[PDB]
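Source file my_file-v1.txt; content: compact mmCIF, N, CA, C and O atoms.
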# COMPACT_ATOMS: atom_id res chain seq x y z
N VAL K 273 -12.25 25.29 1.53
CA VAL K 273 -13.21 24.35 0.97
C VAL K 273 -12.73 23.81 -0.36
O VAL K 273 -12.85 22.62 -0.64
N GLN K 274 -12.12 24.65 -1.23
CA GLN K 274 -11.56 24.19 -2.50
C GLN K 274 -10.37 23.24 -2.32
O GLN K 274 -10.33 22.18 -2.94
N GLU K 275 -9.46 23.54 -1.36
CA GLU K 275 -8.36 22.69 -0.92
C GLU K 275 -8.82 21.30 -0.47
O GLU K 275 -8.32 20.24 -0.88
N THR K 276 -9.85 21.30 0.40
CA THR K 276 -10.52 20.12 0.95
C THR K 276 -11.19 19.29 -0.12
O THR K 276 -11.01 18.08 -0.18
N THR K 277 -11.96 19.93 -1.02
CA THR K 277 -12.60 19.30 -2.17
C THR K 277 -11.61 18.62 -3.10
O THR K 277 -11.83 17.51 -3.56
N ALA K 278 -10.43 19.24 -3.33
CA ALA K 278 -9.35 18.67 -4.11
C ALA K 278 -8.74 17.42 -3.48
O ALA K 278 -8.48 16.42 -4.16
N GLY K 279 -8.53 17.42 -2.14
CA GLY K 279 -8.09 16.23 -1.42
C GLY K 279 -9.13 15.14 -1.34
O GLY K 279 -8.83 13.96 -1.46
N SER K 280 -10.42 15.53 -1.22
CA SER K 280 -11.57 14.63 -1.22
C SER K 280 -11.75 13.93 -2.55
O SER K 280 -12.09 12.75 -2.63
N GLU K 281 -11.45 14.66 -3.65
CA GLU K 281 -11.49 14.19 -5.02
C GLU K 281 -10.40 13.15 -5.26
O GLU K 281 -10.61 12.16 -5.96
N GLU K 282 -9.22 13.33 -4.63
CA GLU K 282 -8.12 12.37 -4.67
C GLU K 282 -8.44 11.09 -3.92
O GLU K 282 -8.28 9.99 -4.45
N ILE K 283 -8.99 11.21 -2.69
CA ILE K 283 -9.50 10.09 -1.90
C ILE K 283 -10.54 9.29 -2.68
O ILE K 283 -10.39 8.08 -2.85
N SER K 284 -11.58 9.95 -3.23
CA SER K 284 -12.56 9.32 -4.12
C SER K 284 -11.93 8.55 -5.27
O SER K 284 -12.18 7.36 -5.41
N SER K 285 -11.05 9.18 -6.09
CA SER K 285 -10.31 8.53 -7.18
C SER K 285 -9.55 7.27 -6.76
O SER K 285 -9.62 6.22 -7.41
N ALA K 286 -8.85 7.35 -5.61
CA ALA K 286 -8.14 6.24 -5.01
C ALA K 286 -9.07 5.14 -4.51
O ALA K 286 -8.79 3.95 -4.63
N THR K 287 -10.24 5.51 -3.94
CA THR K 287 -11.22 4.57 -3.40
C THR K 287 -11.91 3.78 -4.50
O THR K 287 -12.26 2.62 -4.32
N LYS K 288 -12.01 4.34 -5.72
CA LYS K 288 -12.47 3.63 -6.90
C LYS K 288 -11.45 2.64 -7.41
O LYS K 288 -11.78 1.50 -7.75
N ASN K 289 -10.17 3.07 -7.48
CA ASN K 289 -9.05 2.23 -7.87
C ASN K 289 -8.86 1.02 -6.96
O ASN K 289 -8.80 -0.12 -7.43
N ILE K 290 -8.90 1.21 -5.62
CA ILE K 290 -8.92 0.12 -4.65
C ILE K 290 -10.17 -0.76 -4.76
O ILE K 290 -10.09 -1.98 -4.64
N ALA K 291 -11.36 -0.18 -4.99
CA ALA K 291 -12.60 -0.94 -5.09
C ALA K 291 -12.74 -1.78 -6.35
O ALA K 291 -13.41 -2.82 -6.33
N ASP K 292 -12.14 -1.35 -7.47
CA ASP K 292 -12.14 -2.10 -8.70
C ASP K 292 -11.03 -3.15 -8.71
O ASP K 292 -11.25 -4.30 -9.09
N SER K 293 -9.82 -2.80 -8.23
CA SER K 293 -8.70 -3.73 -8.09
C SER K 293 -8.93 -4.88 -7.12
O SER K 293 -8.47 -5.99 -7.33
N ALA K 294 -9.65 -4.64 -6.01
CA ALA K 294 -9.94 -5.68 -5.04
C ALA K 294 -11.01 -6.66 -5.52
O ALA K 294 -10.90 -7.86 -5.27
N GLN K 295 -12.04 -6.19 -6.24
CA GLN K 295 -13.07 -7.06 -6.79
C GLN K 295 -12.57 -8.01 -7.89
O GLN K 295 -13.09 -9.11 -8.10
N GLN K 296 -11.49 -7.63 -8.61
CA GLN K 296 -10.84 -8.51 -9.56
C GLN K 296 -9.78 -9.38 -8.91
O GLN K 296 -9.63 -10.54 -9.27
N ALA K 297 -9.08 -8.89 -7.86
CA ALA K 297 -8.14 -9.69 -7.10
C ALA K 297 -8.83 -10.84 -6.38
O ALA K 297 -8.39 -11.99 -6.43
N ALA K 298 -10.00 -10.57 -5.75
CA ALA K 298 -10.85 -11.54 -5.10
C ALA K 298 -11.38 -12.61 -6.05
O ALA K 298 -11.45 -13.79 -5.71
N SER K 299 -11.74 -12.22 -7.28
CA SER K 299 -12.22 -13.16 -8.29
C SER K 299 -11.14 -14.11 -8.80
O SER K 299 -11.39 -15.29 -9.05
N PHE K 300 -9.87 -13.66 -8.89
CA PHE K 300 -8.76 -14.54 -9.19
C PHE K 300 -8.33 -15.36 -7.98
O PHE K 300 -7.79 -16.46 -8.13
N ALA K 301 -8.60 -14.90 -6.75
CA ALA K 301 -8.35 -15.66 -5.54
C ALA K 301 -9.32 -16.82 -5.38
O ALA K 301 -8.96 -17.88 -4.87
N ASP K 302 -10.57 -16.68 -5.85
CA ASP K 302 -11.54 -17.74 -5.83
C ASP K 302 -11.32 -18.71 -6.99
O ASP K 302 -11.44 -19.93 -6.84
N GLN K 303 -10.78 -18.23 -8.14
CA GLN K 303 -10.36 -19.10 -9.23
C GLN K 303 -9.10 -19.89 -8.86
O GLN K 303 -8.98 -21.07 -9.16
N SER K 304 -8.14 -19.26 -8.17
CA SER K 304 -6.92 -19.90 -7.68
C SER K 304 -7.18 -20.90 -6.57
O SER K 304 -6.54 -21.95 -6.50
N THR K 305 -8.16 -20.61 -5.68
CA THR K 305 -8.58 -21.55 -4.64
C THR K 305 -9.23 -22.78 -5.25
O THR K 305 -9.00 -23.91 -4.81
N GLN K 306 -9.99 -22.60 -6.36
CA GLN K 306 -10.57 -23.72 -7.08
C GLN K 306 -9.53 -24.54 -7.83
O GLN K 306 -9.56 -25.76 -7.79
N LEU K 307 -8.56 -23.91 -8.52
CA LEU K 307 -7.50 -24.66 -9.21
C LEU K 307 -6.54 -25.38 -8.28
O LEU K 307 -5.94 -26.38 -8.66
N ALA K 308 -6.41 -24.95 -7.01
CA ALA K 308 -5.64 -25.64 -6.00
C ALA K 308 -6.36 -26.89 -5.50
O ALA K 308 -5.82 -27.99 -5.50
N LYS K 309 -7.63 -26.74 -5.07
CA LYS K 309 -8.50 -27.86 -4.71
C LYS K 309 -8.66 -28.90 -5.83
O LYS K 309 -8.58 -30.10 -5.58
N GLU K 310 -8.81 -28.46 -7.09
CA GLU K 310 -8.82 -29.30 -8.27
C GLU K 310 -7.50 -30.02 -8.51
O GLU K 310 -7.48 -31.25 -8.68
N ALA K 311 -6.36 -29.31 -8.58
CA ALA K 311 -5.05 -29.94 -8.68
C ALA K 311 -4.72 -30.88 -7.50
O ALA K 311 -4.07 -31.90 -7.70
N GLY K 312 -5.33 -30.66 -6.32
CA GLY K 312 -5.25 -31.56 -5.17
C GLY K 312 -6.05 -32.83 -5.38
O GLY K 312 -5.57 -33.93 -5.13
N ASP K 313 -7.31 -32.69 -5.86
CA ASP K 313 -8.20 -33.78 -6.22
C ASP K 313 -7.62 -34.66 -7.32
O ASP K 313 -7.81 -35.88 -7.35
N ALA K 314 -6.85 -34.07 -8.25
CA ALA K 314 -6.09 -34.78 -9.26
C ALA K 314 -4.93 -35.56 -8.63
O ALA K 314 -4.84 -36.78 -8.76
N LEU K 315 -4.02 -34.86 -7.92
CA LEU K 315 -2.82 -35.39 -7.30
C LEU K 315 -3.06 -36.52 -6.30
O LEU K 315 -2.25 -37.43 -6.18
N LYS K 316 -4.17 -36.53 -5.56
CA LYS K 316 -4.48 -37.63 -4.65
C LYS K 316 -4.89 -38.92 -5.36
O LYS K 316 -4.80 -40.00 -4.79
N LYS K 317 -5.32 -38.85 -6.63
CA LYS K 317 -5.56 -40.06 -7.40
C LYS K 317 -4.34 -40.43 -8.23
O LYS K 317 -4.33 -41.44 -8.93
N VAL K 318 -3.22 -39.70 -8.04
CA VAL K 318 -1.90 -40.07 -8.53
C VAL K 318 -1.09 -40.61 -7.35
O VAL K 318 -0.22 -41.47 -7.50
N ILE K 319 -1.43 -40.23 -6.10
CA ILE K 319 -0.90 -40.85 -4.89
C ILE K 319 -1.52 -42.22 -4.70
O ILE K 319 -0.83 -43.21 -4.46
N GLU K 320 -2.85 -42.35 -4.91
CA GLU K 320 -3.53 -43.64 -4.90
C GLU K 320 -3.03 -44.57 -6.00
O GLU K 320 -2.84 -45.77 -5.80
N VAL K 321 -2.75 -44.02 -7.19
CA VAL K 321 -2.15 -44.74 -8.31
C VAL K 321 -0.71 -45.16 -8.04
O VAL K 321 -0.33 -46.29 -8.34
N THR K 322 0.13 -44.31 -7.43
CA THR K 322 1.50 -44.70 -7.10
C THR K 322 1.54 -45.70 -5.97
O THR K 322 2.42 -46.56 -5.88
N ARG K 323 0.52 -45.70 -5.10
CA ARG K 323 0.33 -46.74 -4.11
C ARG K 323 -0.24 -48.06 -4.68
O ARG K 323 0.00 -49.14 -4.14
N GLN Q 274 -17.24 20.06 12.42
CA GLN Q 274 -17.17 19.03 13.45
C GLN Q 274 -17.52 17.65 12.89
O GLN Q 274 -16.84 16.67 13.17
N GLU Q 275 -18.52 17.57 12.00
CA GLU Q 275 -18.89 16.36 11.28
C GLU Q 275 -17.78 15.85 10.36
O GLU Q 275 -17.47 14.66 10.31
N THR Q 276 -17.10 16.78 9.66
CA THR Q 276 -15.93 16.51 8.81
C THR Q 276 -14.76 15.96 9.60
O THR Q 276 -14.09 15.02 9.19
N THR Q 277 -14.50 16.53 10.79
CA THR Q 277 -13.48 16.07 11.74
C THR Q 277 -13.72 14.64 12.20
O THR Q 277 -12.81 13.80 12.22
N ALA Q 278 -14.98 14.30 12.53
CA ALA Q 278 -15.43 12.97 12.87
C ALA Q 278 -15.20 11.96 11.74
O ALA Q 278 -14.66 10.87 11.94
N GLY Q 279 -15.59 12.35 10.51
CA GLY Q 279 -15.34 11.64 9.26
C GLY Q 279 -13.88 11.41 8.96
O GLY Q 279 -13.48 10.34 8.52
N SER Q 280 -13.03 12.44 9.17
CA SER Q 280 -11.58 12.39 8.98
C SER Q 280 -10.89 11.40 9.92
O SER Q 280 -9.88 10.78 9.58
N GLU Q 281 -11.48 11.13 11.10
CA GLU Q 281 -11.01 10.07 11.98
C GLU Q 281 -11.35 8.70 11.42
O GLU Q 281 -10.49 7.83 11.28
N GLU Q 282 -12.63 8.45 11.07
CA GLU Q 282 -13.08 7.19 10.48
C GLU Q 282 -12.42 6.80 9.15
O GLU Q 282 -12.10 5.63 8.92
N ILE Q 283 -12.08 7.78 8.29
CA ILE Q 283 -11.24 7.61 7.10
C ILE Q 283 -9.82 7.16 7.43
O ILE Q 283 -9.22 6.37 6.71
N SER Q 284 -9.23 7.68 8.53
CA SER Q 284 -7.90 7.26 8.99
C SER Q 284 -7.89 5.82 9.47
O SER Q 284 -7.06 5.01 9.05
N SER Q 285 -8.90 5.43 10.27
CA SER Q 285 -9.15 4.06 10.70
C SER Q 285 -9.33 3.10 9.53
O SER Q 285 -8.75 2.01 9.51
N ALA Q 286 -10.15 3.48 8.52
CA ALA Q 286 -10.32 2.73 7.29
C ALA Q 286 -9.04 2.62 6.46
O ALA Q 286 -8.67 1.53 6.04
N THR Q 287 -8.29 3.73 6.28
CA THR Q 287 -7.00 3.78 5.57
C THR Q 287 -6.01 2.80 6.17
O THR Q 287 -5.37 2.00 5.48
N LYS Q 288 -5.88 2.82 7.52
CA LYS Q 288 -5.04 1.89 8.25
C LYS Q 288 -5.51 0.45 8.16
O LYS Q 288 -4.73 -0.44 7.85
N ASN Q 289 -6.83 0.17 8.31
CA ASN Q 289 -7.37 -1.17 8.15
C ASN Q 289 -7.11 -1.77 6.76
O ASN Q 289 -6.77 -2.95 6.63
N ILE Q 290 -7.23 -0.96 5.68
CA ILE Q 290 -6.91 -1.39 4.33
C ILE Q 290 -5.40 -1.57 4.14
O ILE Q 290 -4.97 -2.58 3.59
N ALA Q 291 -4.56 -0.64 4.65
CA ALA Q 291 -3.11 -0.74 4.58
C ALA Q 291 -2.50 -1.99 5.23
O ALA Q 291 -1.59 -2.62 4.70
N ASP Q 292 -3.03 -2.36 6.41
CA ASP Q 292 -2.65 -3.55 7.16
C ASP Q 292 -3.10 -4.80 6.44
O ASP Q 292 -2.31 -5.70 6.17
N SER Q 293 -4.40 -4.86 6.06
CA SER Q 293 -4.96 -5.95 5.26
C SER Q 293 -4.18 -6.20 3.97
O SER Q 293 -3.85 -7.34 3.64
N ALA Q 294 -3.82 -5.13 3.23
CA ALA Q 294 -3.01 -5.18 2.02
C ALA Q 294 -1.61 -5.76 2.22
O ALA Q 294 -1.26 -6.73 1.57
N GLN Q 295 -0.82 -5.23 3.19
CA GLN Q 295 0.50 -5.74 3.57
C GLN Q 295 0.53 -7.26 3.81
O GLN Q 295 1.26 -8.01 3.16
N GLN Q 296 -0.30 -7.72 4.76
CA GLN Q 296 -0.48 -9.11 5.11
C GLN Q 296 -0.91 -9.98 3.93
O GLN Q 296 -0.31 -11.02 3.66
N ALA Q 297 -1.94 -9.57 3.16
CA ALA Q 297 -2.39 -10.29 1.98
C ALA Q 297 -1.32 -10.41 0.89
O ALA Q 297 -1.18 -11.44 0.24
N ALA Q 298 -0.48 -9.36 0.72
CA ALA Q 298 0.67 -9.36 -0.16
C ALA Q 298 1.76 -10.32 0.30
O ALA Q 298 2.40 -10.99 -0.51
N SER Q 299 1.95 -10.47 1.63
CA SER Q 299 2.83 -11.48 2.22
C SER Q 299 2.33 -12.89 1.94
O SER Q 299 3.04 -13.70 1.34
N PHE Q 300 1.07 -13.20 2.28
CA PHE Q 300 0.39 -14.44 1.92
C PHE Q 300 0.44 -14.81 0.44
O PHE Q 300 0.59 -15.98 0.09
N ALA Q 301 0.30 -13.84 -0.47
CA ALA Q 301 0.41 -14.06 -1.91
C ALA Q 301 1.82 -14.41 -2.36
O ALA Q 301 2.00 -15.25 -3.24
N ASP Q 302 2.86 -13.82 -1.73
CA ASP Q 302 4.25 -14.19 -1.94
C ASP Q 302 4.52 -15.61 -1.44
O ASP Q 302 5.04 -16.44 -2.17
N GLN Q 303 4.08 -15.95 -0.21
CA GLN Q 303 4.21 -17.30 0.33
C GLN Q 303 3.48 -18.36 -0.51
O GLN Q 303 3.93 -19.49 -0.65
N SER Q 304 2.34 -17.98 -1.12
CA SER Q 304 1.55 -18.83 -2.01
C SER Q 304 2.19 -19.10 -3.36
O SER Q 304 2.21 -20.24 -3.83
N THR Q 305 2.74 -18.07 -4.04
CA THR Q 305 3.40 -18.26 -5.33
C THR Q 305 4.67 -19.07 -5.21
O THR Q 305 4.98 -19.89 -6.07
N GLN Q 306 5.42 -18.89 -4.11
CA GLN Q 306 6.63 -19.63 -3.81
C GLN Q 306 6.44 -21.13 -3.68
O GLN Q 306 7.23 -21.93 -4.18
N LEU Q 307 5.36 -21.59 -3.00
CA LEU Q 307 5.11 -23.01 -2.89
C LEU Q 307 4.50 -23.64 -4.12
O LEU Q 307 4.57 -24.86 -4.28
N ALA Q 308 3.93 -22.86 -5.06
CA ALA Q 308 3.40 -23.44 -6.28
C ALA Q 308 4.47 -23.67 -7.34
O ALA Q 308 4.30 -24.48 -8.26
N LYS Q 309 5.64 -23.03 -7.19
CA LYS Q 309 6.82 -23.30 -7.98
C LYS Q 309 7.50 -24.59 -7.56
O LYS Q 309 7.84 -25.44 -8.39
N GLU Q 310 7.68 -24.79 -6.24
CA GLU Q 310 8.33 -25.97 -5.70
C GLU Q 310 7.47 -27.21 -5.80
O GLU Q 310 7.93 -28.27 -6.22
N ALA Q 311 6.15 -27.10 -5.50
CA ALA Q 311 5.18 -28.15 -5.72
C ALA Q 311 5.08 -28.62 -7.17
O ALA Q 311 4.86 -29.79 -7.45
N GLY Q 312 5.26 -27.69 -8.14
CA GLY Q 312 5.25 -28.03 -9.56
C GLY Q 312 6.56 -28.58 -10.05
O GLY Q 312 6.59 -29.45 -10.92
N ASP Q 313 7.70 -28.15 -9.46
CA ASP Q 313 8.99 -28.74 -9.74
C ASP Q 313 9.03 -30.18 -9.23
O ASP Q 313 9.34 -31.11 -9.97
N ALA Q 314 8.63 -30.42 -7.97
CA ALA Q 314 8.48 -31.77 -7.46
C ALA Q 314 7.40 -32.62 -8.15
O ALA Q 314 7.46 -33.85 -8.10
N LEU Q 315 6.45 -32.02 -8.90
CA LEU Q 315 5.49 -32.80 -9.67
C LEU Q 315 6.01 -33.12 -11.06
O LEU Q 315 5.80 -34.21 -11.57
N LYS Q 316 6.89 -32.26 -11.61
CA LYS Q 316 7.63 -32.56 -12.83
C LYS Q 316 8.76 -33.57 -12.60
O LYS Q 316 9.47 -33.94 -13.53
N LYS Q 317 8.97 -34.02 -11.34
CA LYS Q 317 9.81 -35.14 -11.00
C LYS Q 317 9.01 -36.40 -10.70
O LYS Q 317 9.43 -37.50 -11.07
N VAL Q 318 7.79 -36.31 -10.15
CA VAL Q 318 6.92 -37.47 -9.93
C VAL Q 318 6.43 -38.04 -11.26
O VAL Q 318 6.28 -39.25 -11.45
N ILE Q 319 6.25 -37.17 -12.28
CA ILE Q 319 5.93 -37.57 -13.64
C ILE Q 319 7.06 -38.36 -14.30
O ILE Q 319 6.84 -39.27 -15.10
N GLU Q 320 8.33 -38.08 -13.93
CA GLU Q 320 9.47 -38.84 -14.41
C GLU Q 320 9.66 -40.13 -13.63
O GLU Q 320 10.04 -41.14 -14.22
N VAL Q 321 9.35 -40.18 -12.32
CA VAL Q 321 9.39 -41.45 -11.58
C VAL Q 321 8.29 -42.39 -12.05
O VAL Q 321 8.54 -43.53 -12.41
N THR Q 322 7.05 -41.88 -12.23
CA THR Q 322 5.95 -42.62 -12.87
C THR Q 322 6.29 -43.15 -14.26
O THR Q 322 6.17 -44.34 -14.52
N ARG Q 323 6.74 -42.29 -15.21
CA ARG Q 323 7.19 -42.75 -16.52
C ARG Q 323 8.44 -43.65 -16.51
O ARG Q 323 8.63 -44.49 -17.40
N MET Q 324 9.31 -43.57 -15.49
CA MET Q 324 10.41 -44.50 -15.29
C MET Q 324 9.93 -45.88 -14.91
O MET Q 324 10.38 -46.88 -15.47
So, in terms of structure tokens, how does the structure I just supplied come out?
Amino acid sequence: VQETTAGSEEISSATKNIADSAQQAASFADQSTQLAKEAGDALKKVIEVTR
Amino acid sequence: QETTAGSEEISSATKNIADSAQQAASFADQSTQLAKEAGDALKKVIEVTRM
């Protein structure tokens, strides 16, 4: 039970690290998706301008 | 027996996160690579425009 609790404690520690890292990775993925759509909305009025 | 059942579902979850992570890391590499070339080709459209 002590062996198991020690491995369970490691799984828990890792599951927090994955859960905090993914919530910040996702937030930069939604910021990056917005800066791509924005830089696209910019660039198409430079394609319209070059035309 | 309940722990054994749980230890199977943790393995399924571990694998689902490991696969999701690998693929997402591939997509992130493919994404950073095209934002370098798209920006290099835009630092040339700025020179054709200013020309």
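Every protein or nucleic acid residue with an atom no more than 12 Å from range 311-321 of chain K, counting only C-alpha atoms and leaving out same-chain residues fewer than 2 positions away, appears here: residues 304, 305, 306, 307, 308, 309 and 323 of chain K; 308, 311, 312, 314, 315, 318, 319, 321 and 322 of chain Q.
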Check: Which residues, written as an MDAnalysis selection string, have at least one atom at most 12 Å from range 288-296 of chain K, with only C-alpha atoms counted and residues fewer than 4 positions away on the same chain left out?
Finding: (chainID K and resid 281:284 300:303) or (chainID Q and resid 287 290:291 293:294 297)
Save out the residues we just selected, N, CA, C and O atoms, as a compact mmCIF listing (two decimals), keeping the file's coordinate frame.
# COMPACT_ATOMS: atom_id res chain seq x y z
N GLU K 281 -11.45 14.66 -3.65
CA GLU K 281 -11.49 14.19 -5.02
C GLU K 281 -10.40 13.15 -5.26
O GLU K 281 -10.61 12.16 -5.96
N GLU K 282 -9.22 13.33 -4.63
CA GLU K 282 -8.12 12.37 -4.67
C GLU K 282 -8.44 11.09 -3.92
O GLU K 282 -8.28 9.99 -4.45
N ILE K 283 -8.99 11.21 -2.69
CA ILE K 283 -9.50 10.09 -1.90
C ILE K 283 -10.54 9.29 -2.68
O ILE K 283 -10.39 8.08 -2.85
N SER K 284 -11.58 9.95 -3.23
CA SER K 284 -12.56 9.32 -4.12
C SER K 284 -11.93 8.55 -5.27
O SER K 284 -12.18 7.36 -5.41
N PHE K 300 -9.87 -13.66 -8.89
CA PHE K 300 -8.76 -14.54 -9.19
C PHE K 300 -8.33 -15.36 -7.98
O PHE K 300 -7.79 -16.46 -8.13
N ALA K 301 -8.60 -14.90 -6.75
CA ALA K 301 -8.35 -15.66 -5.54
C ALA K 301 -9.32 -16.82 -5.38
O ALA K 301 -8.96 -17.88 -4.87
N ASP K 302 -10.57 -16.68 -5.85
CA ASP K 302 -11.54 -17.74 -5.83
C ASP K 302 -11.32 -18.71 -6.99
O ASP K 302 -11.44 -19.93 -6.84
N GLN K 303 -10.78 -18.23 -8.14
CA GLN K 303 -10.36 -19.10 -9.23
C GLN K 303 -9.10 -19.89 -8.86
O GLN K 303 -8.98 -21.07 -9.16
N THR Q 287 -8.29 3.73 6.28
CA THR Q 287 -7.00 3.78 5.57
C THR Q 287 -6.01 2.80 6.17
O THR Q 287 -5.37 2.00 5.48
N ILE Q 290 -7.23 -0.96 5.68
CA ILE Q 290 -6.91 -1.39 4.33
C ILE Q 290 -5.40 -1.57 4.14
O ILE Q 290 -4.97 -2.58 3.59
N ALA Q 291 -4.56 -0.64 4.65
CA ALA Q 291 -3.11 -0.74 4.58
C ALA Q 291 -2.50 -1.99 5.23
O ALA Q 291 -1.59 -2.62 4.70
N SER Q 293 -4.40 -4.86 6.06
CA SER Q 293 -4.96 -5.95 5.26
C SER Q 293 -4.18 -6.20 3.97
O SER Q 293 -3.85 -7.34 3.64
N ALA Q 294 -3.82 -5.13 3.23
CA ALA Q 294 -3.01 -5.18 2.02
C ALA Q 294 -1.61 -5.76 2.22
O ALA Q 294 -1.26 -6.73 1.57
N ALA Q 297 -1.94 -9.57 3.16
CA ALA Q 297 -2.39 -10.29 1.98
C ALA Q 297 -1.32 -10.41 0.89
O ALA Q 297 -1.18 -11.44 0.24
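Distance-wise, CA of residue 274 in chain K and atom C of residue 276 in chain Q end up 15.0 Å apart.
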